[PDB]
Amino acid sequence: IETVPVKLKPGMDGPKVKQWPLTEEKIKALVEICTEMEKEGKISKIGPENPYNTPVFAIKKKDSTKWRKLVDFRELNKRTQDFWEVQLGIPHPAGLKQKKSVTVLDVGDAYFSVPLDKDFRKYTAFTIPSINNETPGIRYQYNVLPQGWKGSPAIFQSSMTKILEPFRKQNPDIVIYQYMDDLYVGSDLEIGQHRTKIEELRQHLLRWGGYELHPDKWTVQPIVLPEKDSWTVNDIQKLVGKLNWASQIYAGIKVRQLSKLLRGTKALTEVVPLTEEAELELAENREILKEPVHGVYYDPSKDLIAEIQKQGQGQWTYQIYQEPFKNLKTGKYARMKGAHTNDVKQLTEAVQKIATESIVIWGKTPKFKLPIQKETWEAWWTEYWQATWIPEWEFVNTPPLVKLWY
C-alpha cells in the first residue's frame, strides 16, 4: 500500500523537545519495546543529523502489568496539518454519553500495519536516555503510523470502518467512538453482560490486528449557598462576595439588600439578623443556582478549557468552558486509593477522569489550567498516568477569594 502525503502547517517546523530523565525500569522497557519494534521494521535507528526530537516514557497499568510505550507527540500534533481540512477526521457520536457503561480499548497496534510518508518520518524521532549517562542517547524514527500521532486515526480511518462494520452491524445500539489510539465503546447492557461483548469485539479485532466508565453518574455540582440559622457579619460578607462573583455567570442576581445589612463599621463576629427583605433575596438567589444557565452551547470550532481547584480531604472541583463564565459543565472529583495522602496523584487522576469525560461527551480533550507548580508536576506526574493520550495543560497559581465551588 502507498502512503498518504502529509505536511506540517505552513511556516512551522518539526518538534525539538528534550528527553527528560527516566527510571531504570522505564528505560529497560523502552529498550525491550524499541528493539523489537526495530526488528519488525516499525522503527529505524537514526543519528543526530535528524534535528527533531519528542520525549518518550512508559506507563504500566495495574490491570495489565505490561509496560506501554508512550511518546508525547503533543508538539508534533499541534504542528501537523489538520485532517478536517483535507477530509479525514472522525465524527463524534452524541449517543455515547447516553450509554450506562463505556469500556476503553487500546487499539494503537493497528496503526503499525500502515506505512508513513517517507518525508514525514523525520518529525517522529525520539531518544532513549541512559542511566548515569553511560552512553549517548539512542534515537529512532517511525516507519509506520505512530501511536499518539493525530494523523494515525485519520489515515487509518478508512480501514477501521471496514474492520468494525460487522460488529456495529450485529449490535446497532452499541456506540463506538475512536479517539486517537482508543476505542470508546458504550452500551446499556448489564455490567457482566456488557463485559462479554467487549471480549467479542476484542477477538474480532485480533482477527486482523481499561475499566468500566459510567456516564449516568457524572453528577454536576452547582454553586451552593450555606444554610445556617444564625449569620455573622463575616458569614454575610462571604455570602455577598460569592454572589457578586456568580453575577458574571448567572442572570439577575442582586446583593443590594444583603450588602447594607452590613451598614456601618461592624465587628466580624457580630450576629446580624436577616431582614425579611434579605431572606427574600437569598432564597431567590439559591433557586437561580438550583437549576443552571440559559444560553450555553458547545461550539466544536473552539477549544475546551478545564479549571481545577483543590478543596481538601480528597475533593477536587472542576469546570469546563470555552468562553469565560459560560461553563458547559461543573463537577467535583473524589478520592480513590484510600490513603488520600498524595495531592499530585489525585490531581493527575482528576485530569485523566475530566479529560475522559470530555472525550465521551464532546470527542476531544480540554486544555487544563493546573493548580500546581510546574516543577512539582513534572517531578511526579508520569508515575500516575494511565492513558494512551496526553492533554494540553498549563500551570496557574490562583489563590481562592471565594470558595465558589464549595
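In this text, the rigid core denotes the largest set of C-alpha atoms whose superposition between the two forms falls within 1.5 Å. Numbering starts at 1 and runs along the sequence shown.
Between 156-164 and 332-340, the larger root mean square Cα shift in 8 other deposited structures of this protein, once each structure is superposed on the rigid core, falls on 332-340. A chain break between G209 and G210 is present, corresponding to 10 or more residues of the deposited sequence without coordinates. Looking at 7-15 and 382-390 together, the entry lists the larger mean B-factor for 7-15, computed on C-alpha atoms. When 80-88 is weighed against 308-316, 80-88 comes out higher, by mean CA B-factor as recorded in the entry. Take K45, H340, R68, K26 and read off each C-alpha B-factor from the entry; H340 has the highest. Going by the entry's values, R335 shows the largest Cα B-factor out of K326, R335, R139, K150.
In the PDB entry, a CA B factor belonging to the lowest third of its chain's modelled residues is recorded for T135. Placement of the Cα temperature factor of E291 within the chain: highest third of the modelled residues, per the deposited record. In this PDB entry, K369 carries a Cα temperature factor that places it within the lowest third of its chain's modelled residues.
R74 sits in the lowest third of its chain by CA B factor, as recorded in the PDB entry. Sort the modelled residues of the chain by CA B factor and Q257 lands in the highest third.
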